[PDB]
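Next up: a single chain in structure tokens, the form deposited in one PDB entry.
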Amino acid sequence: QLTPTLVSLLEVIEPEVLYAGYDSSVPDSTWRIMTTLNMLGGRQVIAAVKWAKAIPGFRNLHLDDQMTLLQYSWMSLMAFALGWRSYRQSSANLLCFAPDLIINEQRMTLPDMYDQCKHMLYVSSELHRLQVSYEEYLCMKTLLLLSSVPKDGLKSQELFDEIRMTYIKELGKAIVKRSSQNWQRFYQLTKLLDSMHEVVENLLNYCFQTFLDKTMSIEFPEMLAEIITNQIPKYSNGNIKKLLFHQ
């Protein structure tokens, strides 16, 4: 394949699912779960960073750049992967957060549960609608890391773009495998990385209240603290840029 593929790469650099560490037995509790996802979130995040530095060209960007990129698209990446996991078999749409923390028919019936899962289901249901191959998923996964930037680019913009494209190219080769009007297939996928922007949005709107109100009783690991705290009134000043494909 003209030696190691940048694709067959991310595939091995792709992280390994974590366990919620949920108790189950004690009847389910809405926040008992949410608060259980969050703890888990921070780990995936952390695991994501390691996954990022592990990408070609990433370590190369100016650190402050690398530092904000993740800062933005952590949500976006957290949700895209999960969609995959649910899509992986959960025909009942079941939200699969961990190999031990899945959200079934009736777990979904819980208080203000479906009220937010509906968004996450969007993905998997969408991914399932486009039968995305693990290859394409990997490549898009990476491209979501670049879904949004400042408003004034980065100390390594030139680089950043340089890289980005190469993946937009790696994704092409990805779609290729399996021809004809491949160009439409490309379109559909491409319009879904843009969809994520709204997705990643509603999630923040729900995540910030819950992160704020202690009349909720939900807890976040420190990881997401620095990360949330920061990004909050921050991006809420239109100081960021949600990168698109189609306007």
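Just so we're on the same page, rigid core means the largest C-alpha set that superposes within 1.5 Å between forms. Quick note: we count residues from 1 along the sequence shown, nothing fancier. Shifts are known only where both forms have a C-alpha.
The segment from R178 to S179 is interrupted, since 1 to 3 residues of the deposited sequence in that interval carry no coordinates.
The form deposited in another entry is left out here; the points below concern that form.
Only one entry in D64, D28, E219, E198 has its C-alpha moved by 2 angstroms or more between this form and the one not shown when the rigid core is superposed, and that entry is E219. In this overlay on the rigid core, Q188 has a C-alpha that sits less than 2 Å away from its partner position between this form and the one not shown. Once both forms are fitted on their rigid core, the CA atom of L40 lies less than 2 Å apart between this form and the one not shown.
Once the cores line up, the CA of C207 ends up 2 angstroms or more apart between this form and the one not shown.
Between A225 and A81, the Cα spacing is larger in the other form than in the shown form, differing by no less than 3 Å. Put simply, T210 and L144 spread apart in the other form: their C-alpha atoms are 3 Å or more farther than in the form shown. Look at the core-aligned forms between this form and the one not shown and you find runs of 3 or more residues with C-alpha shifts of 2 angstroms or more at 179-181, 207-230.
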